[PDB]
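Shown below, as structure tokens, is a lone chain in the form deposited without the named molecule; questions about how it binds or moves come after it.
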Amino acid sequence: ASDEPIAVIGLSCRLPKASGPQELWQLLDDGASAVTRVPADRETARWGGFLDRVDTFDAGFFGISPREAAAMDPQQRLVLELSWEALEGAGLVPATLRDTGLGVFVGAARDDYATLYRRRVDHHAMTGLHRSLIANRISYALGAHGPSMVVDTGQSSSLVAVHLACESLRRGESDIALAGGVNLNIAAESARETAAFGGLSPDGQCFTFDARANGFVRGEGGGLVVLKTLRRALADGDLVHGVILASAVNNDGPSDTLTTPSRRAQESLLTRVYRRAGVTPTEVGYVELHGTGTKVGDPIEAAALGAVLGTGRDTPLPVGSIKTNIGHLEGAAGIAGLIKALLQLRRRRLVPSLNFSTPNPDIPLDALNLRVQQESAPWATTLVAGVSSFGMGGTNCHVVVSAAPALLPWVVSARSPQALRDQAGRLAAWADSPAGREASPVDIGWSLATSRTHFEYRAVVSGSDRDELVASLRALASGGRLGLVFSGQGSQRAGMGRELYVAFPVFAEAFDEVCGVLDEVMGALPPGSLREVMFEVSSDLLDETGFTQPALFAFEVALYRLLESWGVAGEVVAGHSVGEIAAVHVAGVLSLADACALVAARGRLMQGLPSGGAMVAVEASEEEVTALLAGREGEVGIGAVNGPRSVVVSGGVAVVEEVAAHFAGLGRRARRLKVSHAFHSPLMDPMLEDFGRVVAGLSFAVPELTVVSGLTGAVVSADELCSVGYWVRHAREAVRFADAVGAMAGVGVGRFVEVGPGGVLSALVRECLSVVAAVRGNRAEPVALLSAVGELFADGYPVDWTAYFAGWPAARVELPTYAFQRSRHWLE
């Protein structure tokens, strides 16, 4: 190939009875005609290919007032919609193209709306009726800096637009390009001008190469193609719908009449563009004709293909013309013909050219070695197609296109609750649709995660198969700094992490590393596999603190590593009791070794204390509980200040029963806690000095995150945090959690996540004040976690869904485009 071959990496279209590429394929393949009588709500030649309507547009989506929309050429409105759908089809998040060198090249040859406006003024009319802004408005909305132009070569406009885009890319003038065109038939005045010229079929059909050939039927619509160099496309890993090998445009020069096509100039166009691509008559599998069904122009076009691609070829060359389905879109005829060729190439199947029974007797199909495609066959030999588009004033263009070289979240977003619903519904319908079933739920989720703008109204549906996800969608259609609070003793439960281990590799890997180290530590000095204890439902070994502490630590670090791989990075950490060890380790204060030595030792040295220890949860202020226990310091103290009217009293089972009795006796909530010992009381004084010696043998570094102390109730700095005195005091004195929450809020935490099992700490954070428990109870752990990271994402946290799918080998696949909230905008 002479010059950089160019990649079609996406496309959009509104055409008669074909609102998008999928519908277009349906129509062509079914051999269906979208030509109808003029709809009654249009004005009046009594036949045409019309859009279901041209009056509706989501002005708000594109930051346009209802008055500006009303003054705006529906062509300008449609090409905005097509621009957005072209980029989404290609998988490019349009915000990533802001301030880049994206080119916009549009064929537009008709200003009907300007005709209506002027046959009957505010500041809006200038921009709304000026043709230049069919391209310029796309460029302004995407903030693109590439060249932005409208080209008028009559009925060849939209393919010349593609050419200028290919050349722009080849020269490095633009790095990506939107190219195509638009033609909306909305004024009678333009219908009468083409009628009086004599060119319209009285039957309202393009009898392309058929002998009934007597003129064209009008059509309306628009198309765009997303263009990158083939090089840049492959490199960036883009879906390649086909590749433009060569484009050319010439003019008839000295035609018989100004408006007669010249066989000579067509041959010259064809000889050049194919030679430039290096494609012999035999390598071309199909040609998408101009084929308007005119008496003069059909034979001349047949002739020209017969001279250049007829001679030098065994089999006849299949030809056809989308004008037989949707009519002559004029300015946007060429991009119509190209988008068909592209669908044929991706599907690897041909489709009928309608209105063909008896060949034109001025077109020897046998001699010229052309047969008209009349059947929806498959396409034999890669595959290569030519597209022709000719303007009445002589300027001809041809393009040569080749074929290309456990629990899942689906994320959906929109600019509006009503859009989010419509968005959710459109994905559900498509997921169940055949075309949606040629894509895996894995590929779909990854594509939703990486290839779609995250608009300000967002939902995550979860599910294990297509049916569960679709059902979740149908149901849907009906910040600050991120703070982590690490769960302590009480938050533990039999099974802890089994469901997460089977589900997420990243949890499993880290849970192995943490258990491997702990099995060695506890194997040496036991209170030998921590994993078996944790994952077994038939075991109460966890309620014993020499297992409880290491278990909470193992679950919490594995969980934190899973959250971290999802881009849920804590900026501030705190922990209730043993919670603090996980918090401190993931803040990088202790190596895994030292962390495991520390938590195991703590667990064991406390385990080997006698019974006679108890704790009770009490609905009472710190001030009340100080008054009640003052003088009993040696037997009992405050174990935790968890809320402003929530403290845990800890010590002698005797004196703890008494305190439970008192507060119950005052008609207050008093819940006896299931613990082996009186944690954070004088009963811990025996193991302290032994604990001090273990922490003395550990290396404490400065943390990578802000740590808030459960001892201090405040941001704790490294000099204090990296001392032996701190950790012994931590083991002994009251967990000032409620104060820790205030200190976190004080420092700018706006979102709180409980890292650990259940929601004990999440409740206490609610009491003190966006709070989410990473793994709430009475549901599968994967469910309750995805649910939790789902709220974070909806609340506005930038969860990295891309990195949820590094596990699977997920591939980008095409999706439904944005569900525009269209409303009527028009003159009066």
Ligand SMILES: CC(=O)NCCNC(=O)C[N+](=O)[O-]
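Position 1 is the first residue in the sequence shown; the rest follow in order.
Below, we refer to the form deposited with the named molecule bound, which is not included among the displayed structures.
*Asks:* Any idea which of 276-284, 256-264, 659-667, 342-350 reaches within 4.5 Å of the named molecule in the entry with it bound, heavy atoms considered?
*Replies:* After filtering at 4.5 Å, what remains is 256-264.
*Asks:* Heavy atom within 4.5 Å of the named molecule in the entry with it bound: which of 114, 476, 368, 392 fits that? Just give me the one.
*Replies:* By the 4.5 Å heavy-atom cutoff, the listed residue in contact is 392.
*Asks:* The named molecule isn't shown here, but in the entry with it bound which of 491, 423, 292, 168 has a heavy atom within 4.5 Å of it?
*Replies:* It is 292 that has a heavy atom within 4.5 Å of the partner.
*Asks:* Any of the heavy atoms of residue 398 lying within 4.5 Å of the named molecule in the entry with it bound?
*Replies:* Although the named molecule is absent here, residue 398 would stay clear of it in the entry with it bound, with no heavy atoms inside 4.5 Å.
*Asks:* Can you tell me if residue 297 lies within 4.5 angstroms of the named molecule in the entry with it bound, counting non-hydrogen atoms only?
*Replies:* The answer is yes: residue 297 has a heavy atom within 4.5 Å of the named molecule.
*Asks:* Can residue 155 be called a contact residue for the named molecule in the entry with it bound at 4.5 Å between heavy atoms?
*Replies:* Yes, residue 155 sits close enough to the named molecule in the entry with it bound that at least one of its heavy atoms falls within 4.5 Å.
*Asks:* Mind listing which residues of 319-341 have a heavy atom within 4.5 Å of the named molecule in the entry with it bound?
*Replies:* The one in contact is 328.
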